[PDB]
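Working notes for the structure below.
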Amino acid sequence: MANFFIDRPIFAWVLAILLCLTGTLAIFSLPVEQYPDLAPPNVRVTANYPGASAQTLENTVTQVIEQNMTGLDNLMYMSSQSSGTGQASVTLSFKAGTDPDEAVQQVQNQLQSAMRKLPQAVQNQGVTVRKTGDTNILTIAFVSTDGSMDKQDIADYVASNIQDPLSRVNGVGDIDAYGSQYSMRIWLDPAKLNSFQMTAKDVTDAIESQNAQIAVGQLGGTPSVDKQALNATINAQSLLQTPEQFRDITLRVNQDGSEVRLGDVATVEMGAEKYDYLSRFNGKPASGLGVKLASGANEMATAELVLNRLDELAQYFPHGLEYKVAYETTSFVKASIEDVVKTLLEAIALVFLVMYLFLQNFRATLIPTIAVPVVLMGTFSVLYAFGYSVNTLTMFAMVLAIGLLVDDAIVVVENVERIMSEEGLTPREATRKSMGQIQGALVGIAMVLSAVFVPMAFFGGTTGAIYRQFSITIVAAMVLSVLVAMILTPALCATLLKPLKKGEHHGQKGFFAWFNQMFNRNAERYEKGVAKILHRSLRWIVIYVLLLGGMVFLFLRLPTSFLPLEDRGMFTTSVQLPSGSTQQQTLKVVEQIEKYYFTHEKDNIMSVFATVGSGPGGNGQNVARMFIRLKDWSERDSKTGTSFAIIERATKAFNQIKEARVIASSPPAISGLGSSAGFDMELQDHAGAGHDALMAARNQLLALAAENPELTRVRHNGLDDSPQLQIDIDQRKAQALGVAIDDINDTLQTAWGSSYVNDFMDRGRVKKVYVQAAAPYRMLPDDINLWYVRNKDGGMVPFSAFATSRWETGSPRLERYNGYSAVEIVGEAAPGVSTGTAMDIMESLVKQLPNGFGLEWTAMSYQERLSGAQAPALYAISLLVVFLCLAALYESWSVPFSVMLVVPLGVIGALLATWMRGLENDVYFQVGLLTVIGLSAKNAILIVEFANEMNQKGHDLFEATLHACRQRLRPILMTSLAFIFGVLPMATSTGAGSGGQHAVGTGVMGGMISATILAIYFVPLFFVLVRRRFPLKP
Amino acid sequence: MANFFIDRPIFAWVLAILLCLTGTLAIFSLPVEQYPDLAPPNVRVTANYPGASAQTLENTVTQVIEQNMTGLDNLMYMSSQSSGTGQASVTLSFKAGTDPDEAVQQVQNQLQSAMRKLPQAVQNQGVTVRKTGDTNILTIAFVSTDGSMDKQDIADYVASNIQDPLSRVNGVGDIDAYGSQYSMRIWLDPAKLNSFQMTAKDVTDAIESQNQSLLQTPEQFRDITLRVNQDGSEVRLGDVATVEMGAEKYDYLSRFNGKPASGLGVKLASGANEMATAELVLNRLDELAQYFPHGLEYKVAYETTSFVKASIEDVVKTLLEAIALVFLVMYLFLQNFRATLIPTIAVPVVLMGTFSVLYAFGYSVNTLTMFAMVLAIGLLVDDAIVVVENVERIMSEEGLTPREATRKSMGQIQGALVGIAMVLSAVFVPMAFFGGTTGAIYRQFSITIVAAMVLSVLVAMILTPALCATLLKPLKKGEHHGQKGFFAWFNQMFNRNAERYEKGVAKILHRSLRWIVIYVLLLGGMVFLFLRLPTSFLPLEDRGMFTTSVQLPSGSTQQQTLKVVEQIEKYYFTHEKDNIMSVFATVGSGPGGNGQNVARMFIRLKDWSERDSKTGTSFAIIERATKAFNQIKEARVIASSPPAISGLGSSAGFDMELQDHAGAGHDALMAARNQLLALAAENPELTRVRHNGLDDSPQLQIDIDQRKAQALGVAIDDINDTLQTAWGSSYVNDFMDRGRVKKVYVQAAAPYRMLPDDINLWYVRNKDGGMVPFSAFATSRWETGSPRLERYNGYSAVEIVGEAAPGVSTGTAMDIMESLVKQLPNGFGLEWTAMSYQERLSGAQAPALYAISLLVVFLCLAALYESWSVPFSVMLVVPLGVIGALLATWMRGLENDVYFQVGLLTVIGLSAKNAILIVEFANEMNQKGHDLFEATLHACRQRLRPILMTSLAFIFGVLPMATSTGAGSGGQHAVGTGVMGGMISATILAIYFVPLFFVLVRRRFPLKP
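Those protein sequence lines, which keep their order, are chains B and A.
Here the authors' numbering is used: position 857 in the first sequence is 857, and no number is missing along the way.
If you count by the authors' numbering, then the second sequence holds residues 1 to 211, 237 to 1034, one letter each, in order.
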């Protein structure tokens, strides 16, 4: 095979160009994203029980749904919430890798059975099963520059002209609006309704009848008269437009001729929602839009399309109105991708430099350099074939691959160079002899570097997904490298390499002469040291045992984590005032926070966008969210301008604040995994005690977490108990009075909340018509008698007759996790503390809690625990696979055992590097450790294969291994330094996702350094000891 | 390999027989169709909101569905229509190659979320998601010869006895009816109603309560007792109404050759074969015809199988003529009959192997595959011709035996055959990877030609050496030439011309500089011709049918449209009597929409044999009609040919969507539409530019004030019910007719629902039971509304369709339309759809295809011959063929369409073939050590005859295509002309330039040793 392409260089060039072209086509047709999926598919079930208390809703609907949904295939955990507004939601998070459509189908199938057990009112209302989505791509703030357009006017214009077209952009699953358009709201006064003996149902029916558009046929229908002139459609009536027309709805005509107009019994206004969001941008009134990513779509492409359309719409904006990007994800993605590309290019440059250092000839340096683009573009082609994308994980895998893929080419080139220098052969003959000598070595190196990354793909969960990204990439790179090393590189060595060795051009005075002298002296000293340690076995055996002990000690000592957080240039601060606080108090707190960010962080904040209030449908106005976008990483300082610092300073300043709970939290590492960064914990109530006991336990846990300095920003992801109305309707009592359940339910909705009747045309735009009770009347336990629902006989039966209301204090939102009443508690570790340590502290604290309360990590915390548990298996399986492959290749059990003894030498170095740098045992460290295992195996192989060949030929074991070390010292050193300087840009990257680059690079670089400086001595020791223990048959 | 089959010919014969048998098996089991599945799949979501205006329907239903359907995988574009009748449809077109079933399933899944958001009435009606067939395979008109049955009689029979059986026929997706079954129509009389003091609601309530035990005859309905007086006298329905057995829907009025008739529109189920389904349907109809009442007979008004069958037969004829011409030219160069037969035997073997490959891949016998076969016929014989020519030359010069000559020849030309197969197959490989309809077309040709090339090389290395060693007579010149007639003169002329050619090649080699400037001029001319050449997607074909559509001003009645229809029928019967077989008009149906002001007319021309070749062409008669129809100012009448691809578009020409990007409103959009139409009418490069929709129609809006309505104690529901019953139609109950359950409708009589003031003739029953006139609480008012509202990709849009003027390509027309849209007021933009979108896609993707194909050929040659010099010498001759292809296309008048693109690829392959046939021998001789000039001159001298015969075989193979006159003449011309010109130029220029390129490259890069 090697000789075939040695004699046919053009064929090898053609194959290389084919690979390059396929890669170039793939690169321009590959989607770009930060992380590929990595999020378990969640399916949400939503049910509504109007006028139902939280406890009643949970008991009647939520628990039934939970019971029926148990037994789903690949289900991971269930999270459910029961709200006081009458809406119940049960989120079903499935195992990662599961197709969302199948999960939705199964959920719907079980909901078919579950529905009949639900209350009939809920069944009539409807139950929805949809994939969650819930990934806010960007938040857009619309602010009036001139100030001419009022905040309500801005909200109306946005919801009328901007929300509709943006909702139809590809990949836009949902677009939340932080402002409500104008609507024909009618405020019923029950005093007037009772005065004229008209119920709310009469008003609703009259509005339906008198505001409608019905087509009644055609003027000049098809069976027409002999000679007609027109064929026109006929409409019964038209939709009301002005509020005055609504005030003229008749509702009755008395025998005297008096009419009870709608304006006489109620008040109509073309206003907005009662409790619409009080959104602000940079201290100015504004509206907002929250664009969410549709499940299974590219965030970058969707954001580009959305922004583009917004630009188009902007062209036709009213004067003074302009949009602002208050929140954006694509920035970081682009910055991180470009930074990793720069790191890859610098890695290629450093590999070229080190190869040129070892190989003075420029062509001899080019020959392995040409392998880099070919293998890289082939890897891109393979990624395109398997449907992968250009993400951070794949680019990290590519940068890690660079050194491994150039290893075989370097080995071939330097073997050819050594043969040319020593035996004085022609480049073609030297290349042929080199291929004959080291055909086995290339295969062994590729096997060891690819066998490590095979078992990873099989693992499941998000961790498995991350591993797979690296596996596919690295395995494809290794396969192409071993293919390139036996196809392209031999031809390049045969042709490009001039016979300058015969020309005796070597010997030029300069830096390279000094380098060669130093290398020769060090090689002689190294061989002497190898001989000495082979004579003095026991001392270095003891040293190896000590190294094993140190490796175990560092493995136990190293803190653990899942993924390093990155400065995305953005963070969110959440404000939660004491329950019952008005919107104005929350606004004042928000203003204080805005002032703090404007004066203290003036050099870093680009824009702050606040969203006061939970919204028109929200129960409380004491909750606000503040989207903060920092300036470009470049502009912000690298020491104090970092989000992590800014967040720490803000956290101290906000803990100083006692008016309300204010927490500044960075966005989560993975978009779909969780809500915010840090650990996520559910405080389950296993004993089944009361909700008050759970609340007391939650308060105690929060106090204990505040006590611990290792924990910071610990908060409850929920709402505190507040007084809430419980309008209870006695169906038997009502039907005894002969009053329809539907009518009383509609009246309850109209009074307690809002009722949608129909649409009306405003300026050519259809807008909804809402009928609501007057401001003082909200179906209080006091005014429930004021409302009447006339029975079938027509008698106005008072609502108080068949129903009762009471102000009962309780939790507005009841949460239930995996069939236990639980409160979700989230928080972050203190600076210098890993997430795993924080989780251990939280477990200790929950142990300190009264018995019956347990914890169960969810989302990112759950998958971090999964990865931590599965890591030892991953290593064991990878080591076993490597050992088996080595045994198969060399048809022996002594050689692989000799090789596998070198793995601790690299593992100790990786552990030391990560420990000294201050990093932690996260997913990246785990993938690194596997790379270090493969690299140590490669370094051991380079010596043991040659020594074993010499032994099988019959050479003396001691002399054979000494000769092997003498010959292969240069290959090990240069294939090692190529990788060490390949990952050097990663370990020293600045900006973008520098955190992930550091986490990946540092461990592998340290592991490589230790692997070389220890293997070049210990590998002879292990091989000699094993062969003496188990000599060959001859 | 070759020597093995030379020693064992029986095994080669067995392999050839196996290939032939497999091909014959495949031919009989391959579907026959015009085109493969080229049209992108479409999924239509229909929702029917009864009693809703178009604007309300769009606001409440169409927009919700559009919002929810966003996010579908492989979605090209989304189009929706909101009709004033109350039916909304959203058409989702996915990328070509997407599985229709997967698309439908995904649409249904994503619709489930949208179901609750829709208005309750819409949900109760039920939204339907189904594949969009929308391909009228067969339009049957039923007419009564004796005149015994009226239009309704015919319609009922059709609906009762014919529509149902044909629906169950396999492959029939939908069967549209241009008529409706009977329905016991009850025409109310307001004067009679007032005389007896009864409202329309009383009649409706009585009838709905009258009811198996259902009334049968109208006389039973006339005796229905509405009420009984105290005196014992009763008021019957006949006293107050006129009951007759009419139609449930009076929408359509169909005429066949001026005679009343009813029609059926048969639509193809997705995936079904068109020809087989049409054959099944017609057969079934004939069976049903066995029981037709006297006089009633069905007549086909629109059929596609005729043109498909005729085109396939024509392509088979041109294929056979190509084989004959290839045999003739080979016999011209190879005077021996057996030497001519040996490559001829390869043609059936390779063809049947290609058919077997097509069957294995699941392809079918369509026009594209057949064109590819015809091209391959010239292509495939190349290797066999080379082998036979080399054997003949060895036998003539060395005098060896046929076995020894074949054995020497195979070793001599082993490389040449592989190179020829590589170059003729590497061009068509990348083309297959392109997507869309264009990609599909490309793939058809690729799969066919690549399989043919592989099989041709296999036959050349297996079967042909055995034939040469056995069939060829050792006495090649036992009686010398043996012909002193035409063959002797031809041989003398060829020898003299070959000597002149060699001398000229030597002269051109000596004078290198002069001809390099000529090559640069040829490059410049090639670029200029490529830029100047107009572009298109596919050639239109005379399919024997065309459709004219009538659209009167909005508000026109059915009779007014019928008058224009009769005028058009008179025009067709007078001016186009000798070319038109039949015309089938359907008042009330139109491509833009349905209404009394729109009519669609189907015209079937006579067979191509009867119609004149110059003045009887579909294009010519259509142009004459458009010249005549533009004089008609009563209505907008446009005669259009069927689209090139059935599922791609509604009609031929371009198809754009003028959409409102600024949301200026519907009125601004209509004003822009009118301005654009005026501009298009002004331009002479455009013709038949029309709006594929309905203009705003007058609407009579009733205004009821509720104060006086409630003052008189009148319910709004009652006044709406009376209005619907009188002006519209009320479905009271059912009645059984001849064992069939049919509807009963109540409506006001014609004279009493014909003017706006007729509202005052009706009365409503108040709470007290009194009669209140409508004039008391109702006033009418005229307004204006849009019967049908269209949206495209979210934006409100109006679909503008049209055709380029004769002599103008579709690409030029699209550019003109883009300029006109630019002339429109700001805020309006355009987006090409249907075939026009695919045309733009192909035009964008063509340069990539060319570059990638050229690169692939270069790399394959470099790998094969292990030298960069050889492909660079070869690839320099590609422009020499491209210039000829462009020149032939420009001279004939064709354009740069898909066929031209596939041709250019074939021309590249052929130029590479000739360049290989020279440079392979030249390079081998130079490698041996021979002088470069001597080597190249010897290569030219030896390979002139193989090149000339392998090229004449191809040119005369494609000559029948370029001169065809059958059904699919346009496509055959488009395919054949460019390739024929490219081959001609490639030969007559390469045979001189290839030596120059090779010598120049070798002198610049001399072989080291």
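For every residue, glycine included, the Cβ atom is placed at its ideal position computed from N, Cα and C.
query = When the cut-off is 9 Å and only beta carbons count, does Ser238(B) lie next to chain A?
reply = Judged by the 9 Å Cβ criterion, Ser238(B) is in contact with chain A.
ask   = Excluding the five sequence neighbours on either side, which residues of its own chain have a C-beta within less than 6 Å of the C-beta of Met420(A), listed in chain order?
value = Same-chain partners within the cutoff: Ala430, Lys501.
request  = Any chance you could list the beta strand (DSSP E) runs of at least 3 consecutive residues sitting entirely within the stretch 141–189 of chain B, in chain order?
outcome  = Qualifying beta strand (DSSP E) stretches, in chain order: 172–177, 184–188.
query = Hey, does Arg813(A) have any beta-carbon neighbour from chain B nearer than 9 Å?
reply = So, not an interface residue.
Nearest neighbour of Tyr157(A), chosen from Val107(A), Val714(A), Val127(A), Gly288(A) [CA to CA] = Of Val107(A), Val714(A), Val127(A), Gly288(A), the residue nearest in Cα terms is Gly288(A).
message = Below 8 Å on C-beta distance, what does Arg432(B) contact in chain A?
response = Chain A residues near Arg432(B): none, gap ~18 Å exceeds 8 Å.
Near-chain B residues of the stretch 574–596 of chain A - C-beta to any C-beta below 8 Å = Taking a C-beta cut-off of 8 Å against chain B, the contacting residues of the stretch 574–596 of chain A are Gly580, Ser581, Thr582, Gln583, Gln584, listed in chain order.
inquiry  = I'd like to check one pair, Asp743(B) with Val789(B): are the Cβ atoms closer than 9 Å?
reply    = In this structure, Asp743(B) lies closer than 9 Å to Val789(B) by Cβ.
query = Out of curiosity, what's the CA-to-CA distance linking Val769(B) and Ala653(B)?
reply = In a straight line, the C-alpha of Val769(B) is about 46 Å away from that of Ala653(B).
ask   = Apart from the five residues just before and just after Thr392(B), which ones in its own chain have a Cβ nearer than 8 Å to its Cβ?
value = So the qualifying residues of the chain are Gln34, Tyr35, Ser336, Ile337, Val340, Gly993, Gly996.
task = Flag this pair as touching only if the stretch 654–663 of chain A and the stretch 637–644 of chain A have three or more C-beta atom pairs under 8 Å; answer yes or no.
result = No, the stretch 654–663 of chain A is not in contact with the stretch 637–644 of chain A.
query = What residues from chain A crowd round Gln228(B), counting only those whose CB sits closer than 8 Å?
reply = The contacting residues are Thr582, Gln584, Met779.
inquiry  = Pairs of beta-carbons, one from the stretch 46–66 of chain A and one from the stretch 118–138 of chain A, closer than 8 Å: are there three or more?
reply    = Counting Cβ pairs under 8 Å, three or more are found: they touch.
task = Enumerate, from N- to C-terminal direction, the unbroken alpha helix (DSSP H) stretches of 4 or more residues contained entirely within the stretch 310–395 of chain B.
result = The stretch 310–395 of chain B is shown to contain whole alpha helix (DSSP H) runs of 4 or more residues at 330–358, 362–385, in chain order.
ask   = Comparing the C-beta of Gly173(B) with each C-beta of chain A, is any distance below 9 Å?
value = Closer than 9 Å to some Cβ of chain A, the Cβ of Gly173(B) qualifies, so yes.
task = Can you grab the Cα-Cα spacing for the pair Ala1015(B) / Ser537(B), in whole Å?
result = Going by the C-alpha atoms only, they are around 15 Å apart.
task = Tell me, please, whether the CB atom of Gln218(B) is closer than 9 Å to any CB atom in chain A?
result = Interface residue (Cβ-Cβ distance to chain A less than 9 Å): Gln218(B) is classified as such.
ask   = Any residues in the stretch 730–752 of chain A with a beta carbon nearer than 7 Å to a beta carbon of chain B? Which ones, in chain order?
value = For the stretch 730–752 of chain A, the set of residues with a beta-carbon nearer than 7 Å to any beta-carbon of chain B comprises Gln731, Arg732, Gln735, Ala736, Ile741, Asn745, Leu748, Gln749, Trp752, in chain order.
key: Option in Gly810(B), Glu707(B), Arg765(B), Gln315(B) with minimal Cα separation from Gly852(A)   = Nearest in C-alpha terms to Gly852(A), of all of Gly810(B), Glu707(B), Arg765(B), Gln315(B), is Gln315(B).
request  = Could you tell me the distance, in whole angstroms, from the CA atom of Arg557(A) to the CA atom of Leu930(A)?
outcome  = Distance between the alpha carbons of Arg557(A) and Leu930(A) is about 19 Å.
request  = Would you give the residue range spanned by the alpha helix (DSSP H) that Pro50(B) belongs to?
outcome  = Premise fails: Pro50(B) is in no alpha helix (DSSP H) and is neither H nor E.
Top-ranked residue by Cα proximity to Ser579(A), from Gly618(A), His600(A), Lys433(A) = Closest in alpha carbon position to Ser579(A), among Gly618(A), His600(A), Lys433(A), is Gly618(A).
With 16 other Cβ atoms within 10 Å as the buried cut-off, status of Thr586(A) = It is buried - the Cβ of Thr586(A) has at least 16 other Cβ atoms within 10 Å.
task = Please determine, among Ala859(A), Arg970(A), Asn308(A), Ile980(A), the residue with the shortest C-alpha to C-alpha distance to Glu417(A).
result = Of the candidates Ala859(A), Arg970(A), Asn308(A), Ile980(A), the one whose C-alpha sits nearest the C-alpha of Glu417(A) is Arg970(A).
ask   = If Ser80(A) sits next to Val90(A), beta carbons under 8 Å apart, how far is it from one beta carbon to the other, in whole angstroms?
value = With 8 Å as the limit, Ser80(A) and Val90(A) qualify as a contact, their Cβ atoms being about 4 Å apart.
task = Let me know the secondary structure DSSP gives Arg568(B) once reduced to three states.
result = Coil.
ask   = Mind checking if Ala232(B) is an interface residue toward chain A, Cβ cutoff 9 Å exclusive?
value = The beta carbon of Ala232(B) falls within 9 Å of a beta carbon belonging to chain A, placing the residue at that interface.
ask   = Between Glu273(A) and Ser279(A), what straight-line distance do the alpha-carbon atoms span, to the nearest angstrom?
value = Between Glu273(A) and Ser279(A), the C-alpha separation is close to 16 Å.
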